[PDB]
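Colleague: My structure is below; once you've seen it, I'll send some questions.
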Amino acid sequence: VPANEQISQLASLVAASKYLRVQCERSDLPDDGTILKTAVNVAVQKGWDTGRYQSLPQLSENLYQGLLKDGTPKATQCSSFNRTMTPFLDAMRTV
């Protein structure tokens, strides 16, 4: 997996997680910093180089802002993320 694909993938998970917390009232989820730390930890567990990740936090916020405006109704997006995000949310507990 190329380094570009790696960063984009982590940012997507962070964005989806913030979307759940803020838009889907998933108040059991932690702050952006903790979500970010979780993405970094997953990266380490995959053997990825977390030195090349400089553009992770801003990218995450940009993708989150993109979600808000992408035309998917909130209820639809929340139902979808709640269904599919379990493995990443599980990882967040260990953090």
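Just remember, in the structure tokens the first chain shown is A, the second B, etc., residues are 1-based per chain, and ligands are 1-based in the order shown.
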Residue 31 in chain A: which residues within 10 Å, counting only C-alpha atoms, same-chain residues fewer than 3 positions away excluded, as a VMD selection string?
Modeller: chain A and resid 17 to 18 21 27 to 28 34 to 36
Colleague: Might you pull out every residue within 9 Å of range 84-90 of chain A, with only C-alpha atoms counted and same-chain residues fewer than 4 positions away left off, and present them as a PyMOL selection string?
Modeller: chain A and resi 13+16-17+29+35+38-39+42+79-80+94
Colleague: Skipping near chain neighbours, those fewer than 3 positions away, what residues fall within 12 Å of residue 64 in chain A using only C-alpha atoms, listed as a list in words?
Modeller: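 Neighbouring residues, sequence-local ones excluded: residues 11, 12, 13, 14, 15, 16, 17, 18, 19, 20, 21, 22, 23, 32, 57, 58, 59, 60, 61, 67, 68, 69 and 70 of chain A.
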Colleague: What would the file look like if the residues just selected were written as a PDB file, in the first residue's frame with N, CA, C and O atoms?
Modeller:
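Saved file out-v8.pdb follows:
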```pdb
ATOM      1  N   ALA A  11      -7.478   9.235   7.380  1.00  0.00           N
ATOM      2  CA  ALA A  11      -8.232  10.477   7.483  1.00  0.00           C
ATOM      3  C   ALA A  11      -9.717  10.205   7.313  1.00  0.00           C
ATOM      4  O   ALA A  11     -10.551  10.831   7.967  1.00  0.00           O
ATOM      5  N   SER A  12     -10.035   9.264   6.434  1.00  0.00           N
ATOM      6  CA  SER A  12     -11.417   8.853   6.224  1.00  0.00           C
ATOM      7  C   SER A  12     -12.036   8.242   7.489  1.00  0.00           C
ATOM      8  O   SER A  12     -13.201   8.490   7.805  1.00  0.00           O
ATOM      9  N   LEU A  13     -11.255   7.443   8.209  1.00  0.00           N
ATOM     10  CA  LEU A  13     -11.727   6.812   9.440  1.00  0.00           C
ATOM     11  C   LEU A  13     -11.923   7.870  10.521  1.00  0.00           C
ATOM     12  O   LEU A  13     -12.902   7.852  11.242  1.00  0.00           O
ATOM     13  N   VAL A  14     -10.990   8.807  10.610  1.00  0.00           N
ATOM     14  CA  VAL A  14     -11.115   9.892  11.569  1.00  0.00           C
ATOM     15  C   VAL A  14     -12.356  10.750  11.272  1.00  0.00           C
ATOM     16  O   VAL A  14     -13.119  11.081  12.180  1.00  0.00           O
ATOM     17  N   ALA A  15     -12.548  11.097  10.002  1.00  0.00           N
ATOM     18  CA  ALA A  15     -13.704  11.889   9.576  1.00  0.00           C
ATOM     19  C   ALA A  15     -15.028  11.195   9.874  1.00  0.00           C
ATOM     20  O   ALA A  15     -15.973  11.826  10.348  1.00  0.00           O
ATOM     21  N   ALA A  16     -15.102   9.904   9.573  1.00  0.00           N
ATOM     22  CA  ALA A  16     -16.315   9.128   9.837  1.00  0.00           C
ATOM     23  C   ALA A  16     -16.599   9.057  11.341  1.00  0.00           C
ATOM     24  O   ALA A  16     -17.743   9.148  11.775  1.00  0.00           O
ATOM     25  N   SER A  17     -15.543   8.878  12.131  1.00  0.00           N
ATOM     26  CA  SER A  17     -15.681   8.864  13.576  1.00  0.00           C
ATOM     27  C   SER A  17     -16.177  10.196  14.137  1.00  0.00           C
ATOM     28  O   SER A  17     -17.038  10.203  14.998  1.00  0.00           O
ATOM     29  N   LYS A  18     -15.617  11.320  13.682  1.00  0.00           N
ATOM     30  CA  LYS A  18     -16.097  12.625  14.144  1.00  0.00           C
ATOM     31  C   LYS A  18     -17.553  12.829  13.705  1.00  0.00           C
ATOM     32  O   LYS A  18     -18.360  13.385  14.442  1.00  0.00           O
ATOM     33  N   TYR A  19     -17.879  12.391  12.494  1.00  0.00           N
ATOM     34  CA  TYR A  19     -19.257  12.473  12.011  1.00  0.00           C
ATOM     35  C   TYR A  19     -20.211  11.728  12.956  1.00  0.00           C
ATOM     36  O   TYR A  19     -21.295  12.212  13.281  1.00  0.00           O
ATOM     37  N   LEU A  20     -19.795  10.563  13.435  1.00  0.00           N
ATOM     38  CA  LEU A  20     -20.651   9.813  14.342  1.00  0.00           C
ATOM     39  C   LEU A  20     -20.817  10.576  15.653  1.00  0.00           C
ATOM     40  O   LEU A  20     -21.924  10.704  16.164  1.00  0.00           O
ATOM     41  N   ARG A  21     -19.717  11.085  16.194  1.00  0.00           N
ATOM     42  CA  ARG A  21     -19.796  11.773  17.480  1.00  0.00           C
ATOM     43  C   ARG A  21     -20.665  13.025  17.384  1.00  0.00           C
ATOM     44  O   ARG A  21     -21.529  13.257  18.228  1.00  0.00           O
ATOM     45  N   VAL A  22     -20.428  13.839  16.359  1.00  0.00           N
ATOM     46  CA  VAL A  22     -21.062  15.149  16.282  1.00  0.00           C
ATOM     47  C   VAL A  22     -22.456  15.111  15.650  1.00  0.00           C
ATOM     48  O   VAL A  22     -23.396  15.724  16.171  1.00  0.00           O
ATOM     49  N   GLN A  23     -22.592  14.401  14.532  1.00  0.00           N
ATOM     50  CA  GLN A  23     -23.852  14.395  13.786  1.00  0.00           C
ATOM     51  C   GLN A  23     -24.793  13.299  14.265  1.00  0.00           C
ATOM     52  O   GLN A  23     -26.018  13.421  14.165  1.00  0.00           O
ATOM     53  N   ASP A  32     -11.314  14.523  19.112  1.00  0.00           N
ATOM     54  CA  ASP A  32     -10.578  14.380  17.860  1.00  0.00           C
ATOM     55  C   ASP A  32      -9.158  13.866  18.086  1.00  0.00           C
ATOM     56  O   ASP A  32      -8.652  13.055  17.311  1.00  0.00           O
ATOM     57  N   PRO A  57      -4.184  15.330  10.457  1.00  0.00           N
ATOM     58  CA  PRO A  57      -5.262  16.028  11.180  1.00  0.00           C
ATOM     59  C   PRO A  57      -6.073  17.022  10.333  1.00  0.00           C
ATOM     60  O   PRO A  57      -7.304  17.018  10.399  1.00  0.00           O
ATOM     61  N   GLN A  58      -5.401  17.882   9.574  1.00  0.00           N
ATOM     62  CA  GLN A  58      -6.117  18.806   8.703  1.00  0.00           C
ATOM     63  C   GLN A  58      -6.917  18.065   7.637  1.00  0.00           C
ATOM     64  O   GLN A  58      -8.049  18.445   7.322  1.00  0.00           O
ATOM     65  N   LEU A  59      -6.331  17.011   7.077  1.00  0.00           N
ATOM     66  CA  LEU A  59      -7.022  16.249   6.045  1.00  0.00           C
ATOM     67  C   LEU A  59      -8.298  15.647   6.617  1.00  0.00           C
ATOM     68  O   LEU A  59      -9.337  15.622   5.956  1.00  0.00           O
ATOM     69  N   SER A  60      -8.212  15.175   7.857  1.00  0.00           N
ATOM     70  CA  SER A  60      -9.349  14.567   8.540  1.00  0.00           C
ATOM     71  C   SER A  60     -10.504  15.552   8.677  1.00  0.00           C
ATOM     72  O   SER A  60     -11.662  15.212   8.417  1.00  0.00           O
ATOM     73  N   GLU A  61     -10.174  16.774   9.090  1.00  0.00           N
ATOM     74  CA  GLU A  61     -11.172  17.823   9.261  1.00  0.00           C
ATOM     75  C   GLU A  61     -11.774  18.218   7.913  1.00  0.00           C
ATOM     76  O   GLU A  61     -12.983  18.441   7.812  1.00  0.00           O
ATOM     77  N   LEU A  67     -18.098  15.561   4.171  1.00  0.00           N
ATOM     78  CA  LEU A  67     -19.233  14.695   4.505  1.00  0.00           C
ATOM     79  C   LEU A  67     -20.494  15.519   4.763  1.00  0.00           C
ATOM     80  O   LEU A  67     -21.576  15.197   4.257  1.00  0.00           O
ATOM     81  N   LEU A  68     -20.356  16.579   5.559  1.00  0.00           N
ATOM     82  CA  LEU A  68     -21.506  17.416   5.902  1.00  0.00           C
ATOM     83  C   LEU A  68     -22.218  17.949   4.662  1.00  0.00           C
ATOM     84  O   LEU A  68     -23.439  18.133   4.667  1.00  0.00           O
ATOM     85  N   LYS A  69     -21.456  18.185   3.603  1.00  0.00           N
ATOM     86  CA  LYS A  69     -21.994  18.840   2.410  1.00  0.00           C
ATOM     87  C   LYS A  69     -22.230  17.919   1.210  1.00  0.00           C
ATOM     88  O   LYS A  69     -22.640  18.384   0.144  1.00  0.00           O
ATOM     89  N   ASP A  70     -22.002  16.619   1.377  1.00  0.00           N
ATOM     90  CA  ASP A  70     -21.949  15.715   0.225  1.00  0.00           C
ATOM     91  C   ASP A  70     -23.316  15.239  -0.303  1.00  0.00           C
ATOM     92  O   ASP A  70     -23.400  14.518  -1.300  1.00  0.00           O
TER      93      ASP A  70
END
```
Colleague: Interatomic distance between CA of residue 74 in chain A and CA of residue 25 in chain A?
Modeller: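 Distance reported for this atom pair: 11.2 Å.
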Colleague: Within 8 Å of range 2-8 of chain A, counting only C-alpha atoms, which residues show up once you throw out same-chain ones fewer than 2 positions away? Write them as JSON, numbers by chain, please.
Modeller: {"A": [10, 11, 12, 48, 49, 52, 53, 55, 56, 59]}
Colleague: Could you find all residues in chain A that DSSP calls helix (DSSP H, G or I) from the backbone, and write them as a count of residues only?
Modeller: 67
Colleague: Name the closest residue to residue 78 in chain A among the candidates A:65, A:54, A:26, A:95; distances are taken between atoms, counting only C-alpha atoms.
Modeller: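 Nearest candidate to residue 78 in chain A out of A:65, A:54, A:26, A:95: A:26.
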